[PDB]
Amino acid sequence: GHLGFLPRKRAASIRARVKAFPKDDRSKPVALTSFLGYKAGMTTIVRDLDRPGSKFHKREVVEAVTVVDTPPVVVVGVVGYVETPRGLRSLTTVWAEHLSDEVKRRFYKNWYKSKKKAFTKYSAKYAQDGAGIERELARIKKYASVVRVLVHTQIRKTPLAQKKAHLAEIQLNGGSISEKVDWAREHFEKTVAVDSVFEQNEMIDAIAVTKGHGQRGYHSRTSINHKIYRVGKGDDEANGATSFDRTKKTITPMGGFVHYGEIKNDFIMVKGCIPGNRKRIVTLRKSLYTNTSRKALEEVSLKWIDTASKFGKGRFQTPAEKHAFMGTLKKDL
Amino acid sequence: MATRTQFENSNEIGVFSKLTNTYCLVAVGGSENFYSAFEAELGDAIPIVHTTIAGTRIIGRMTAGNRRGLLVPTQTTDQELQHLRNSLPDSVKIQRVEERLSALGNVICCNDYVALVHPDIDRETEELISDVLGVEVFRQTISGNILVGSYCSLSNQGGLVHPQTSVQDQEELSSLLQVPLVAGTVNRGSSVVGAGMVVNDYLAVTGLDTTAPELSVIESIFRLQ
Amino acid sequence: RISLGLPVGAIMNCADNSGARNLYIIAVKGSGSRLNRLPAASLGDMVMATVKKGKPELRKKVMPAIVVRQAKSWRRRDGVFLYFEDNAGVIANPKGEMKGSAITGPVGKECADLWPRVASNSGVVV
Amino acid sequence: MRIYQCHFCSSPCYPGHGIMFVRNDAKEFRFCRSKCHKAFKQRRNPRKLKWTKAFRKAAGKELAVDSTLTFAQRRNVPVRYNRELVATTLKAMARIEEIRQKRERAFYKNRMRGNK
RNA sequence: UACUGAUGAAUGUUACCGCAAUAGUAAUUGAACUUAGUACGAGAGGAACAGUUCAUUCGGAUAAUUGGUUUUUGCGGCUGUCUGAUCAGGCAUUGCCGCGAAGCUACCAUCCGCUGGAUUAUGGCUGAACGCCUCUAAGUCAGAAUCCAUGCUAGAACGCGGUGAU
RNA sequence: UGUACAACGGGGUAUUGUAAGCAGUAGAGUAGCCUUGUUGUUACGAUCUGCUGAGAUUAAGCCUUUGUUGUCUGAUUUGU
């Protein structure tokens, strides 16, 4: 087979780490480079294709897409990395004082017996006008070429019972390192939204650990160039409603996804299929560069979203459609 | 007046376009030169419509119509039908026909006054053609070729059929149409003359392989100058 | 792209009024080169075929053939999947000009879009 | 887009679902799922089998002729599109859905009577 | 004993986040649309750059459909064998048949499969040797699917850092 | 020792193809008889209806759960 994917062996964790990051544009202000979420289901989309010079120009096209459940991810720290003759080197990490129960759970393999003594004397180290905290922020403000942000998942918002927040690193491609640490200063403990990283019609790339079977499977894979079709919002009702369809419905199928619950928060609808399976954590990066082709150019018009019960079969979209067709039954009246 | 152009480097113009006295239909491909050919000849006098039928470029040999009406097959989508009505004034009517067959361009070889159809067609279509288009319907064939829209190019000035037509069929069918008929070729010796070129009373657009002897025949019978 | 249903060594019937009854597929034009697998044809694909049952004029002659009926579940970009009743193909020259004047039975939408003269010589499409 | 009725069920067939068959006689045979298609292969009368709507329209389990059911005609004549002429249809379809369900509920009570 | 892989004591303990010395590496070929029936040519014929759309094989993923599937040994039907007879199937080296989720798992399916430097061959520029000339000796510009990085895979079990816990 | 966990109960969900039995007056015929029954009887009737899109698997690798019940601490080792 493929000689490049060797050794074809098992990954270190469920949360795979991103080996590279996008380059830099110093002229821009501070922006995140990647965002994390959980893979959940495979839905059907039909839409009119506004692709010029095509065999399917202005025609309706069917294609299967995936909906990654993405909760608002919250910052709990920031890191500085110096440039060395031996690569990079973390000189200092610094944290946000008031951490959730979820991140505190990550630092223990046995949460139940533990006395929950996580960031106690470190929070006592904060307890003043800075002096030690502001010193280490100044340390990163002096040296360290690349500045990475420590974030975690709001797992309680997620319908999964895993209850253990995944820590990841996301660098910043907004130049002048002083602004990087000052952005992170303003954004300690703060919850970062999904639409405040990606928009619709953007080519992106996802990282994941691939569906294990028996050694075969359970590798970390990175597939590139995937178009985000819909950046949804949980507080916004009628997510399944397009500009065309406009029927008040959630993107979630009747009785949740296959092996996954309801979507009571933000979501990303990625073209095709992301690696890994449902209940698996993914991290969406932003393409590394300007990927300008006509595959990237077109701004899509989503016509209709399939929300039929994938569990078995589906002839209906909403529960309203079931009783509209069936009429009334015995247990009803 | 007799124009000579192409679509996606193909000689069969009547496949990918249908032209009347009041309108012209064109496919939506990558090339805009085919649309620019009719835009040069007709201009802003009569509307030229960018559209498809059942999501296909093959538009000319799938439809039927004249100055009074327009007829499309069962396979036509609702959005195409929506845009077609949005494009065309009240002088022209539009109606979808629920049918067995879909090739209306291969069946209905019509103008403003006389329509020639397939003998195997249902009665309801014949009842609807005469009402909407304001024409006379005739279940007639030419020289043992069952498709008549494919093998006949037709307008109010003159008519053109494939060269395999007998003299008996020429004189008899011309008496029905009230206009003279010539059995000639289009696009360097091809039988399919309806699909080979589009025609009306003031324009005759052909494919690029239509020779000067073929052009002289077309100019003579359809009487351009 | 559409799914493949007509293998090498298959008897597809004749749909036009040329004279032949059936066509035996001997070779596929515009094919892939897989290991331990013969090429497979789909709707609208040109394939070399010999006349098994037909007139002496049409027979004893190897010639190309454009497929009009696939009968194996293919894909439309408009959602729904479809397949015809029987495996069948028509014969034409390298230019695409039909020997027959009229074609009986359904001719596929993919074949009709690809070949202009096939769409011209069609009686009933879909 | 178009929401079709099944040849077997007369149920709403959505894009990306079911199988359409085309006969040599050339008319559409759209299905909702492979089960109904396999029943059609076995040459079964759709009206005979009870779980479809073909039985219910014939036997009279659910009403066949109604003023709400005539409104869902396969419309032929195309319209010029006015903004308010579509804005009215949004509220209209929502209203006629209520009347269709209520008159079916009235038919249900005319069917369930005889138990007492 | 190489080789695929898997544990493992030890360098305050334990835990969490990482850095990357090194080593491996990956995509391949064709067709079509516009450029066109334009340059070009008596004609016959007939390009390409730029802009796009697919497919081949290879490789990496993946089960939503398809498919050999199966010991839900899921339910219907039939049988060898009976229980005092309907019931209950008690049983049949895995009894037969109809169909089936979960799984085993496949070009039998679907998705994905990258940009910066430095060069060879060569084409140059400035310009000696050798009062002319010369791509070269001292410089310098462009340039091959090459090379080396970017990206990707693994992380030195004696390579290293930051941070939580007394 | 708390939207903590497990076992059930419920719901959603698909699979099979119409459960045994009961109500039967329907059921060509009839084993045998009559006081040959627009109530035939005593066993049946190749079957059809109401229960019957039911019975049953309904996670042993489904999901949800305002219900119920049972649980929540043994041993060892480490910190120049």
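Residue numbers (UniProt numbering), protein chains in the order written: chain Z, 12 to 225, 269 to 387; chain W, 1 to 225; chain H, 12 to 137; chain P, 1 to 116. Where is the CB? At the ideal position from N, CA and C, for every residue including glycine.
- The Cβ atoms of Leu-81 of chain W and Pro-78 of chain P sit closer than 7 Å to each other.
- Its Cα nearest to that of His-177 of chain Z, the residue Z:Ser-111 stands out among Z:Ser-277, Z:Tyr-123 and Z:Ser-111.
- Residue pairing by DSSP places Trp-106 of chain Z opposite Z:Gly-88 in a beta bridge.
- When DSSP states are grouped into helix, strand and coil, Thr-89 of chain P belongs to the helix group.
- For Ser-11 of chain P, the C-beta contacts it makes with chain Z under 8 Å involve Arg-369 and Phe-379, in order along the chain.
- Within a 10 Å sphere around the beta-carbon of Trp-126 of chain H sit 16 or more other beta-carbons, which makes this residue buried.
- Between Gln-164 of chain W and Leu-181 of chain W, the gap from beta carbon to beta carbon reaches 7 Å or more.
- By the beta-carbon neighbour count (other beta carbons within 10 angstroms, threshold 16), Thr-337 of chain Z is buried.
- Contact between the stretch 46-66 of chain Z and the stretch 301-318 of chain Z is present: three or more C-beta pairs spanning the two stretches fall below 8 Å.
- DSSP places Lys-281 of chain Z inside the beta strand (DSSP E), whose first and last residues are 274-286.
- Distance between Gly-286 of chain Z and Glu-180 of chain Z, taken at the CA atoms: about 24 Å.
- Contact annotation: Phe-38 of chain W and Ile-48 of chain W have beta-carbon atoms nearer than 7 Å.
- Annotation: Cβ neighbours of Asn-76 of chain P in chain W (cutoff 7 Å, chain order): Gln-95 and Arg-96.
- In the DSSP assignment, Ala-130 of chain H falls within the alpha helix (DSSP H) that extends over 127-131.
- Only residues of its own chain outside the window of five on either side were considered, and among them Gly-111, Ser-112 and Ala-113 have a CB closer than 7 Å to the CB of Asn-28 of chain H, listed in chain order.
- In summary, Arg-339 of chain Z is buried, with 16 or more beta-carbon neighbours lying within 10 Å of its beta-carbon over all protein chains present.
- Counting the other CB atoms within 10 Å of its CB gives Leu-383 of chain Z a total below 16, which places it among the exposed residues.
- Counted as a single uninterrupted DSSP element, the alpha helix (DSSP H) harbouring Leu-148 of chain Z occupies residues 144-153.
- Considering only beta carbons, the part of the stretch 39-68 of chain W lying closer than 9 Å to chain H consists of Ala-54, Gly-55, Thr-56, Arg-57, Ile-58, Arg-61 and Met-62, in chain order.
- DSSP places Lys-93 of chain W within a strand segment (E or B) once states are collapsed to three.
- For the pair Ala-362 of chain Z and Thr-77 of chain W, the Cα-to-Cα distance works out to about 23 Å.
- Out of W:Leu-215, W:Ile-58 and W:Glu-136, the CA that lies nearest to the CA of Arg-68 of chain W is found in W:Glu-136.
- Taking 7 Å as the threshold, the shortest C-beta distance from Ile-3 of chain P to chain H does not fall below it.
- Apart from the 5 residues on each side of it in sequence, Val-26 of chain W sits with its Cβ closer than 8 Å to the Cβ of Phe-16, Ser-17, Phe-34, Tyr-35, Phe-38, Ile-48, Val-49, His-50, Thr-51 and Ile-59 in its chain, given in chain order.
- Burial is judged here by how many other beta carbons sit within 10 angstroms of a residue's own beta carbon; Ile-322 of chain Z has at least 16 and is buried.
- Apart from sequence neighbours up to five positions away, no residue of its chain approaches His-17 of chain P with a beta-carbon distance below 6 Å.
- The Cβ atoms of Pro-18 of chain H and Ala-51 of chain H lie closer than 7 Å to each other.
- Contact of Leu-71 of chain W with chain P is not assigned, every C-beta pair being separated by 7 Å or more.
- Annotated as proximal: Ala-54 of chain P and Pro-46 of chain P, with beta-carbon spacing under 7 Å.
- A direct Cα-Cα distance of roughly 46 Å separates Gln-157 of chain W from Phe-92 of chain H.
- In the three-state reduction of the DSSP assignment, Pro-373 of chain Z falls in the helix class.
- Spanning the alpha carbons of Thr-52 of chain P and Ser-11 of chain P requires a straight line of approximately 8 Å.
- A straight line joining the alpha-carbon of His-83 of chain W with that of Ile-3 of chain P spans about 19 Å.
- Cβ proximity to chain Z below 8 Å picks out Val-28 and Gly-29 from the stretch 4-29 of chain W.
- Taking every protein chain shown into account, the CB of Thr-131 of chain Z has fewer than 16 other CB atoms within 10 angstroms, so this residue is exposed.
- Residues of the same chain with a CB within less than 8 Å of the CB of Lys-174 of chain Z, apart from the 5 flanking positions on each side, are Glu-113, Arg-116, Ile-166 and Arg-167 in chain order.
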